[PDB]
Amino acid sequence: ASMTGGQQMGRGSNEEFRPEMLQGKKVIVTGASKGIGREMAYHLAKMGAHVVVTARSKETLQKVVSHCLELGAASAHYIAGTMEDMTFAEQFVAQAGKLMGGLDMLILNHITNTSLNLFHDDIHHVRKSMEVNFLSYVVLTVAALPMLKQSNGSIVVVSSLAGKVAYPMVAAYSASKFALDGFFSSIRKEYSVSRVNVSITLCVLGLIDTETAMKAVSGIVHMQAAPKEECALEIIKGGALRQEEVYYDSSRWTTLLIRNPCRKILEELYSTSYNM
């Protein structure tokens, strides 16, 4: 332990993933009682990492923690509460970081319960989507940044194809996912010039075979769903490799067209438009 030293990241480490990259890493996973969140928890447990999981259900989180330790998690803990409460979001991070003695990766995955419907007048759902899916993520980031700066850590933001392109029946949801891109892509550029060695991974996902998604699309949307296990891993891979964006969808056509080279070009052209 004390007689041990070196680095997992060398030549090729920016390109090829190894589960050893997550060995002994301190990770937070939000919305981890089910779906992709729970699948990410499980993969991190297997890779030999420390985990602190959160969601509103204490019972469901207990089950995840139990199973997480069984898979070989360096440590597994939960803190239950709602991400509607900005005070809970802020203290959760400090309370979670106390448990692990720091933080290497912050996985922001939770969303407020959403169903497919046309927008008419539900301003409460518009506001709640902005608060839970976007604002809580900002609060969690502010609370986690001192620890991530110490560890030269990572922020992993779970977004959607609906956070890159427009879709009907998800206006409030899509607004909150687009906001994530605007916010986190802007601070990534600030961290670059301020030499803050905290990476930011935005994960653009298509349909995933989670219970919630399958029930929500039932009889409304007829689309191929990708497996939640592989999705969870691809998210962790991009985070560990410090990739700016991760794309995961069933369609070959999506993977080919989702990338925006012109955005990357426009963003480069203003390096020469910035003072000290």
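Counting begins at 1, following the sequence as shown.
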Notebook entry, point to check: So which stretch wins on mean C-alpha B-factor, 24 to 32 or 206 to 214?
Noted result: 24 to 32
Note to self: Test of understanding: from the entry's C-alpha B-factors, which stretch has the higher mean, 127 to 135 or 193 to 201?
What the structure shows: 193 to 201
Check: Highest CA temperature factor in the entry: which of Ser75, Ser160, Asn109, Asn117?
Finding: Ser75
Note to self: Maximum C-alpha temperature factor per the entry, among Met223, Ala41, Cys231, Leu61, belongs to which one?
What the structure shows: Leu61
Item checked: Lowest, middle or highest third - CA B-factor, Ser176 -> lowest
Next item on the list: Classify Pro168 as lowest, middle or highest third according to the C-alpha B-factor given in the PDB entry, relative to its own chain.
Entry: lowest
Checklist line | Chain thirds of CA B-factor: placement of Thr54 | finding: middle
Next item on the list: Sorting the chain's modelled residues by C-alpha B-factor, tell me whether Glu70 ends up in the lowest, middle or highest third.
Entry: highest
Notebook entry, point to check: Considering only modelled residues of the same chain, in which third does the CA B-factor of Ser151 rank: lowest, middle or highest?
Noted result: highest
